[PDB]
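S.K.: sequence first, structure after, both from an experimental entry:
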Protein chains: 2
Amino acid sequence: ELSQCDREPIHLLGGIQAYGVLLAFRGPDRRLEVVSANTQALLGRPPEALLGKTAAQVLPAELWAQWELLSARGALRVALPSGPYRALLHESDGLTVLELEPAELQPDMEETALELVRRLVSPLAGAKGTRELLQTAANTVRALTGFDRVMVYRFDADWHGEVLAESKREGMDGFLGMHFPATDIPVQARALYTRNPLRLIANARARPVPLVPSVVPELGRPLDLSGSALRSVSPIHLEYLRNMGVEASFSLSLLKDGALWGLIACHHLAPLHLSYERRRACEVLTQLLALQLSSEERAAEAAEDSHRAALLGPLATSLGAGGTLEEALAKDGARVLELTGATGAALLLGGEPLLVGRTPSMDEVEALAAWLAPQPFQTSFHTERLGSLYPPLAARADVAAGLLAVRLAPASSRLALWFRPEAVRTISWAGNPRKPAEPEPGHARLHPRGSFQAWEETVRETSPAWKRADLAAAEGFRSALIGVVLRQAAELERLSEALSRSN
Amino acid sequence: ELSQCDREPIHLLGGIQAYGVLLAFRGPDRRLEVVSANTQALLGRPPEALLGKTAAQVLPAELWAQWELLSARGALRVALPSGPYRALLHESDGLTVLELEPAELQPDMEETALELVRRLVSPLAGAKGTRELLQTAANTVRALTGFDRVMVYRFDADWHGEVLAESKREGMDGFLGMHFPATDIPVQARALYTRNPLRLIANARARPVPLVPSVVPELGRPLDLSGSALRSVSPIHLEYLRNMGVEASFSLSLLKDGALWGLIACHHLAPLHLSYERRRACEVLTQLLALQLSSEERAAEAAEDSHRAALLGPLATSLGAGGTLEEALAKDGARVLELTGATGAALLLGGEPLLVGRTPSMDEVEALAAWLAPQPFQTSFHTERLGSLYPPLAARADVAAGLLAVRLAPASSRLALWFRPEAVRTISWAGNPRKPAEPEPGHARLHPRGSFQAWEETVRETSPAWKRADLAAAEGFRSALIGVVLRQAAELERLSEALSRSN
Ligand SMILES: */C=C/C1=C(C)C(=O)N/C1=C\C1=NC(=C\c2[nH]c(/C=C3/NC(=O)C(C=C)=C3C)c(C)c2CCC(=O)O)/C(CCC(=O)O)=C1C
Ligand SMILES: */C=C/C1=C(C)C(=O)N/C1=C\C1=NC(=C\c2[nH]c(/C=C3/NC(=O)C(C=C)=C3C)c(C)c2CCC(=O)O)/C(CCC(=O)O)=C1C
């Protein structure tokens, strides 16, 4: 099995896990076009007999009694001689689908509606930090659901994923700082998770039981189960979970204005069950997290812009206090250095180029200054990778991964190189998984050990992107209160001319 | 209309409204303490004879069968021969209470909770800022209730009332931007509003039926009903609610980190009944609005401050471009006004006074510059009421009600000042509904006048308080960010004179 997954569609496997039982109705007859293989236990007749019979006869009276209310709402309690069963309606490909789920034996009088929502929303009374908000949400989710581990992901612009918050019981390895490639999650999976809020993987050991028409004749395709919540997982992802060691999963999809921002993944080692009320409350909890994250991301970006301005401001205090600027940058290296979130600065101002922080060598920076002139840059230049644009520094990686340049003078070549380290260097290596387990897995698919490589070779020779705040600060320092720099140059020159006349 | 209102104890009034009935119990013997006058219809036997009787025969057998069940939830729906009835239990004064309320005929099986919650949440998908958050929330709450006029109230630091947004159908009076003094909400009422989220006005027309006995013997005062949601309101508020003509109200409280930031008070001209599914939905909606309101408030700042810091930047571009400071302010007189959110600005860099915007004449400016030097302020002087701090300028405070002054020179007396207009002038006088009412009110207890008239005299010689961002910008103006850029003009002039007369 090679090159599998992305080619394979995931909405048309035609398989159902043994958790529930589904049937397909169509037309006034509501014929049993598609039936399950496990319906023998509940219906009491062989599935092939069920085929080609009217829905009124086949359905037990318990389900038929509240069928109108079931269509009105889509969820109500029906008690069978075996026991009570959750019932739902979902329309796919023009055919209605009746879904039956084994409800718990609990009387359900306890854990009433809307009180779990209060229990979940109470701890979030504070929650300043976006990362700390995700941490608190993970804590509450773990407290309610009882799963071993809760992890929260953020998706990068190119759909690279990382882990932000992690709430877990003591004992298992921490997964904070994880980075996994965008290709780990296929496009169709992202679309499906966008469409439906919750995904439940009841048990990994369970062998899927397929519905038993081979192919739908009228459609020519297996029945689509995208809306249905009983979709069977892909075998590749099943082996993923088997290698990782998690068997029951409960995944929540965080959406910011229709964009899949990240996922909450509740993981447990053994198959567990969750009540219907808890899941219904968790859907609302997902909506709350979506809204709160949508607001707080804007809050954090505004705060970062304000801090960038309030950091660029004091730089005018040093230059203007009397001390020469070339000594001033050495005096105040940190503030000028962190105006863009970069690690190296190099300045051309008329004299020999000056270096602050980790910067490329003298020959390298002068060659870069020579090379930058022919390209017409109206105000500034933004680049993500330097190897493609500039061959000579492609070999250099540790001080040549990122570049940001602004020309201080419109005519004269005044170059302000800003180098930001490679994404793999700026991110703490404490974020890697490490902790090598003794058993040897396939090492190609599973995340433990045999992963995090695709990230490092996909983003190799690439630095973290220059945010809107980063380029705004780049322009601001292209000025750097351009009055102070231009007027100190002019003032020094015009005092020097008077001194030379006095000379 | 007697003996004012502040001394009146709301907590201890112990009144029972028209619809529901109450009865108290003590200990395992559950001695009956108090009864309502209207319970005889529901109980079927005279209330006076049951004083101190056992619950076995006073109360119908069905409630006693569900007493242990009612204790768990604290509220339950039960079928009674008269009809469905809804009962509650809670603790007050060491004495347990049983409350009975008329019940809606719906068995709470159709359109249950946790599916209208998403109906309320979905419109909030946008709401880029606080104002539209409140607008959308008010609109959707109005849609849920079906009431006539929803309203939102905001309180200042000194508890003065604001009206941010409202949603109304066509054909009534609007009070957007209308103002009410802090004393309109008694200090007794604020703590109670903090304690419980929801309070419902059952019927304004119906007089409060008395509670029997008139007073409990053991305590000497009627038992309080803070936990109860049926507690009757003051007779003083009956005249108010009659004057505005509303019949029922449904008060929703918005608390941020334990403080009454806002208050939602729906109004309906005629009586209307709301089910507890809706009530338990809107209490969740208040808990909802709390967090998102905090988030949007916290996001609004650090963006206004960022814009002010960025706004100060082009003032530097006014320099370097050919011209002096006088000419720089001549072309750019607009931008310097919003640097501190003040309509007038004055500067004194050593020469004759120069003014921008509507500021006091130069003689009083010189007088205040002379007077501020004896007053010890190291970096800035932020006074909200000028007359209290400085008598002579109290006479003309239309534009000099509030001032922010900074010393340009470190030791010498060089000043930069900003003058804000007095309040009421800045606010949009839209609080008047126009259309003087054909009925004649007392002009002291109604929406227009009485309220917003005591408020105006309460905030005479007052301006919006100097926040953090405007003073930060003001101190940045004097700080070595643009002040040094101003100083460099002196060195440029010095080099010009060095070139002058010597060539
Ligand atoms: C060629 C594509 C795939 C290779 C790569 C592979 O191993 N699986 C592929 C496709 C699918 N991924 C599905 C679900 C899924 N996989 C991940 C990957 C992870 N990266 C990590 O660090 C961790 C945790 C340690 C994981 C699990 C994720 C995040 C997901 C989303 C759901 C989940 O978290 O389990 C998948 C099934 C569809 C779906 O459930 O979305 C296919 C097919
Ligand atoms: C000190 C006595 C009072 C006079 C003064 C008065 O006008 N109100 C007094 C005390 C109480 N006010 C109560 C309710 C209430 N009052 C307001 C303020 C307003 N100012 C206005 O101009 C308008 C008209 C639009 C109003 C409504 C508000 C906002 C409220 C709460 C709204 C509500 O009833 O839900 C009151 C009873 C408290 C209660 O149970 O609500 C007292 C006592």
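M.R.: Structure received. Numbers count the residues shown, from 1 in each chain, chains lettered A, B, ... in the order given. Ligands and ions are numbered 1, 2, ... in the order given.

S.K.: is chain B within reach of stretch A:66-74?
M.R.: Yes. Judged by Cβ under 8 Å from any Cβ of the partner chain, stretch A:66-74 comes into contact with chain B through A:69, A:72, A:73. Every residue, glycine included, has its C-beta placed from N, CA and C.

S.K.: how far off centre is that stretch?
M.R.: 37 Å (Cα atoms, centre = their mean, to the nearest Å).

S.K.: in it, what's buried?
M.R.: Going by neighbour count (16 or more other Cβ atoms under 10 Å in any protein chain shown), the buried part of stretch A:66-74 is A:66, A:67, A:70, A:73.

S.K.: same thing with stretch A:221-241?
M.R.: For stretch A:221-241, by 16+ other Cβ under 10 Å, it's A:222-226, A:228-234, A:237-241.

S.K.: can you tell me how far whatever residue of chain A ends up closest to ligand 2 is from residue A:144?
M.R.: Nearest residue of chain A to ligand 2: residue A:118, at 22.7 Å (Cβ to the nearest ligand atom). Note on residue A:118: its distance to residue A:144, by Cβ to Cβ, to the nearest Å, is 12 Å.

S.K.: who has more neighbours, these two?
M.R.: Set residue A:118 next to residue A:144 and count neighbours by other Cβ atoms under 10 Å in any protein chain shown: residue A:144 wins out with 17 against 13.

S.K.: next up, the contacts around residue A:302.
M.R.: By Cβ atoms under 8 Å, 6 or more residues apart in numbering or on different chains, residue A:302 lies in contact with B:299, B:302, B:303, B:306.

S.K.: so the third one makes contact with residue A:304?
M.R.: In other words, residue B:303. No. Judged on Cβ atoms under 8 Å, residue B:303 makes no contact with residue A:304 at a distance of 10.5 Å.

S.K.: keep only those of the residues of stretch A:66-74 next to chain B that are in helices.
M.R.: Using DSSP state H, the subset of the residues of stretch A:66-74 next to chain B located in helices is A:69, A:72, A:73.

S.K.: switch the residues you listed over to CSV; also include distance to residue B:418.
M.R.: Output for these, formatted as CSV (distance: Cβ to Cβ, whole Å):
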residue, distance to residue B:418
A:69, 67
A:72, 64
A:73, 62
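
S.K.: residue A:2 and residue A:445: what is the separation?
M.R.: 11 Å.

S.K.: and those two? Which one has more around it.
M.R.: Applying other Cβ under 10 Å to residue A:2 and residue A:445 shows that residue A:445 carries more neighbours, namely 18 against 3.

S.K.: what's the closest non-adjacent residue to that one?
M.R.: residue A:240 (6.0 Å; Cβ to Cβ, 6 or more residues apart in numbering or on different chains).

S.K.: contacts for the helix or strand that neighbour falls within, please.
M.R.: Under the criterion of DSSP states H and E, residue A:240 resides in helix A:235-244. With contacts defined as Cβ under 8 Å, 6+ apart, helix A:235-244 is touched by A:1, A:4-5, A:201, A:204, A:233, A:247, A:249, A:441-442, A:445-448.

S.K.: tell me how far that helix lies from the chain's centre.
M.R.: That offset, for helix A:235-244, works out to 20 Å (Cα atoms, centre = their mean).

S.K.: next secondary structure element downstream of it?
M.R.: With DSSP H and E, the next secondary element past helix A:235-244 is strand A:248-256.

S.K.: before we move on, what SS does the residue lying closest to residue A:145 once chain neighbours are set aside have?
M.R.: Spatially, and ignoring its direct neighbours in sequence, residue A:145 is nearest to residue A:266 (5.4 Å; Cβ to Cβ, 6+ apart). Secondary structure assignment for residue A:266 (DSSP: H, G, I helix; E, B strand; the rest coil): strand.

S.K.: distance check, residue A:266 against chain B.
M.R.: Residue A:266 sits 20 Å away from chain B, going by Cβ to the nearest Cβ, to the nearest Å.

S.K.: which residues are in contact with that residue?
M.R.: Applying Cβ under 8 Å, 6+ apart, we find residue A:266 in contact with A:141, A:142, A:145, A:147, A:149, A:150, A:249, A:250, A:251, A:252.

S.K.: if we can go back for a sec, ok, the ones in helices among the residues of stretch A:66-74 next to chain B vs residue B:177, which is closest?
M.R.: residue A:73 (43.1 Å; Cβ to Cβ).

S.K.: doesn't residue B:110 make contact with that closest one?
M.R.: Yes. Residue A:73 lies in contact with residue B:110 (Cβ under 8 Å); the separation is 7.4 Å.

S.K.: can you report phi and psi for residue A:141?
M.R.: phi -60, psi -40 (degrees, to the nearest 10).

S.K.: ok, back up a step: buried ones among the contacts of helix A:235-244?
M.R.: Looks like the contacts of helix A:235-244 have A:5, A:201, A:204, A:233, A:247, A:249, A:441, A:445, A:446, A:447, A:448 buried, using 16+ other Cβ under 10 Å.

S.K.: close to ligand 1, is the helix holding residue A:240?
M.R.: Yes. For helix A:235-244 and ligand 1, the contact criterion (Cβ under 6 Å from any ligand atom) is met by A:236, A:237, A:240.

S.K.: would you put the C-alpha positions of that helix in CSV?
M.R.: Extracted C-alpha coordinates of helix A:235-244, given in CSV (Å, rounded to 0.1, in the frame of the first residue of the first chain):
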residue,chain,number,x,y,z
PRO,A,235,-8.0,2.0,7.2
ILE,A,236,-4.9,4.3,7.1
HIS,A,237,-6.2,6.4,10.0
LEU,A,238,-7.3,3.2,11.8
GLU,A,239,-3.7,2.0,11.7
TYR,A,240,-2.6,5.5,12.7
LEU,A,241,-4.6,5.2,15.9
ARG,A,242,-3.5,1.6,16.4
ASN,A,243,0.2,2.5,16.2
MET,A,244,-0.4,5.6,18.4
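
S.K.: out of the residues of stretch A:66-74 next to chain B, flag the one nearest to residue A:88.
M.R.: residue A:73 (9.4 Å).

S.K.: for the stretch 251-400 of chain A, what lies in contact range of ligand 1?
M.R.: Applying Cβ under 6 Å from any ligand atom, we find that the stretch 251-400 of chain A lies next to ligand 1 at A:251, A:263, A:265.

S.K.: farthest-apart pair in the buried residues of stretch A:66-74, please.
M.R.: Maximum distance among the buried residues of stretch A:66-74 (Cβ to Cβ): 11.4 Å, for A:67 and A:73.

S.K.: where along the stretch 1-150 of chain A do the helices fall?
M.R.: A:39-43, A:47-50, A:55-58, A:61-65, A:67-73, A:115-121, A:130-145 (DSSP state H, counting those that start in this stretch).

S.K.: measure the residue of chain A closest to ligand 2 to ligand 1 for me?
M.R.: The gap separating residue A:118 from ligand 1 is 28 Å, by Cβ to the nearest ligand atom, to the nearest Å.

S.K.: wait, that residue sits on residue B:284?
M.R.: Yes. Between residue A:118 and residue B:284 there is a contact at 7.1 Å, judged by Cβ under 8 Å.

S.K.: how is chain A divided into domains?
M.R.: A:21-106+A:113-299, A:313-429+A:441-502 (automatic domain parsing).

S.K.: please tell me which one of the contacts of residue A:266 counts the most neighbours.
M.R.: residue A:150 (25 neighbours).

S.K.: on that earlier part again, any chance of JSON lines for the contacts of helix A:235-244, columns distance to residue A:485?
M.R.: Below are the contacts of helix A:235-244 laid out as JSON lines (distance: Cβ to Cβ, whole Å):
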{"residue": "A:1", "distance to residue A:485": "62"}
{"residue": "A:4", "distance to residue A:485": "59"}
{"residue": "A:5", "distance to residue A:485": "55"}
{"residue": "A:201", "distance to residue A:485": "60"}
{"residue": "A:204", "distance to residue A:485": "63"}
{"residue": "A:233", "distance to residue A:485": "61"}
{"residue": "A:247", "distance to residue A:485": "63"}
{"residue": "A:249", "distance to residue A:485": "57"}
{"residue": "A:441", "distance to residue A:485": "58"}
{"residue": "A:442", "distance to residue A:485": "59"}
{"residue": "A:445", "distance to residue A:485": "55"}
{"residue": "A:446", "distance to residue A:485": "55"}
{"residue": "A:447", "distance to residue A:485": "50"}
{"residue": "A:448", "distance to residue A:485": "53"}
